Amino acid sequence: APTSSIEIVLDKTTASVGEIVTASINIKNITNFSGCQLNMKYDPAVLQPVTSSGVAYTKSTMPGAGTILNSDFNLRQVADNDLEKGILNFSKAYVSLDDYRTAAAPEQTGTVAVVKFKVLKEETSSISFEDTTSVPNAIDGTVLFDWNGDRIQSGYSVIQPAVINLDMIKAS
């Protein structure tokens, strides 16, 4: 695998109507990582995002917690989703960067966010980060920041696509 990366990792390869598929957004070896802004696309006819308690996302709903970006360095969380188009757009980043740098233990690897999806149709369907005019400096729909607040402009792979029911791809 690439040394440094971001990937949408699914917990399932196949799924029937009514199952939940969990998408974990995982980073690996992102130097001095402090936060991100991500633009994720899914097919809203096939998948429906729901919180850990089962509540349908609204325009301001954030993804669930992962294994990093859970510490109290004053986390900033802002979402601007379009549930009709199938777009989750969220920013999640530490604001207390002096304190974060002082801790000297950057969270360079881990799951930054989790999105649970109800499976509405049994057909091949993908989840990917995508560029958007509202975020012009994205790398394939991803903006990663270091602990000085600077954008990380190179050196990580955006590993995609994530696909559910790939074995049904002919029919699509």
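In case it trips you up, residue 1 is the first one in the sequence shown, and so on.
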Comparing 45 to 53 with 132 to 140, the higher average Cα temperature factor in the PDB entry belongs to 132 to 140
Going by the entry, of stretches 17 to 25 and 159 to 167 the one with greater average Cα B-factor is 159 to 167
Assert third(CA B-factor, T3) within chain per record equals highest
Tertile call for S91 (CA temperature factor, within chain, third-based) is the highest
Among the modelled residues of its chain, the C-alpha B-factor of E107 falls in the third labelled lowest
The third of the chain into which the C-alpha temperature factor of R76 falls is the lowest
